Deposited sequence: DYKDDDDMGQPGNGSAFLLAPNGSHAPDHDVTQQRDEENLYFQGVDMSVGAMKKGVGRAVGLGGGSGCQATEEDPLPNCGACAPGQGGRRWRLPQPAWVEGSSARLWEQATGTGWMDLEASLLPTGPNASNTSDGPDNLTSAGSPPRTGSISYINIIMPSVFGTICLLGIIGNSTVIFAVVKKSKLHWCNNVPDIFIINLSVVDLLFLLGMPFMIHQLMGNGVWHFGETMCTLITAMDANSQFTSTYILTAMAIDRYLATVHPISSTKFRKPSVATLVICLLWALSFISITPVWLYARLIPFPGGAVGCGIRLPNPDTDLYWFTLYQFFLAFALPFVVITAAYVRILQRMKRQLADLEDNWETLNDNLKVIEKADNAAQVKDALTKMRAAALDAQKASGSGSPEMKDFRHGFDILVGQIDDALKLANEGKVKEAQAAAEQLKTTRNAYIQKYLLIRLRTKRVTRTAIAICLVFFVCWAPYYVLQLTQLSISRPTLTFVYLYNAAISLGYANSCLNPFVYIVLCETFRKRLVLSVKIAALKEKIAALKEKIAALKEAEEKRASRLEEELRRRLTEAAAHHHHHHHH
């Protein structure tokens, strides 16, 4: 039971992972900008295709009766996923970082032609960064006719240190710092922006009340001037987020125009006409919030979904690297260490299933249909 329990666990991961990632690819074709998610799912798809081959080796306990070329290809693909996934996760973080911190200089960069080229570069860097895997992927000379398929370092008693750390540094340490730094500057800008739009909007409401109580053309002229500066200030302030520029910028053409219409009538001395024109702005403010709230709700969904996918990978594999670094100090493993190491990989490959599920669950429209199907199927 326990001897065959471990191969069964990884089979469940392969079955759920293939179905989950296929659904995500199907959903996007039929959040992240529909490019990195597809490429990220391809990394999961390719790795899980090679998963059953390595499961057979586990049952054989060191049997690779599939060919020397297969060992080099499959073992590389297993070690290629860690570099390829985090590079894509780093790419998604930086892509969201540029669109939210330096939108002006990133307009040319954020193109589907450019983004598709970047993915190929990430795959190209992925194969270059796993160079030691290619060099030492030869069949292990296991006693008898069986041949092992692992990493045969020239000095395994001494070369283990650099091989393990170089993977931990490039695949976990470096991207984690970059991604975390990217998403603290993003949230500082987003919090500053969303506290700026409602700060200028609150300037509109306070001055819009002054106009009604105004009794002379001077008060109306000064009240609207504060509104006009706030309107223009909020117009430029829209250029600080990705899903807040193509939607929340066109409206300010009307709002600034209507303030000019009321302001011009104020200069003419038509105080009664100025207040009538100003009263028409209570429908512009009423349409300000109903669009801002929808966008502010939509700009949190994009960030939370992006962070959740990033946070799942760096948490599933976090305990695994705790044991891997620990075993450097404690070379000899104990009875508990064997179970802990097996548990670490089980959570490590759970990333193939949590990422498709977390992306599906966080999509409110997608989960609604599944609930309806359950009700119909329940009968």
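No C-alpha positions are given in the record for the deposited-sequence stretches 1-152, 183-190, 540-585.
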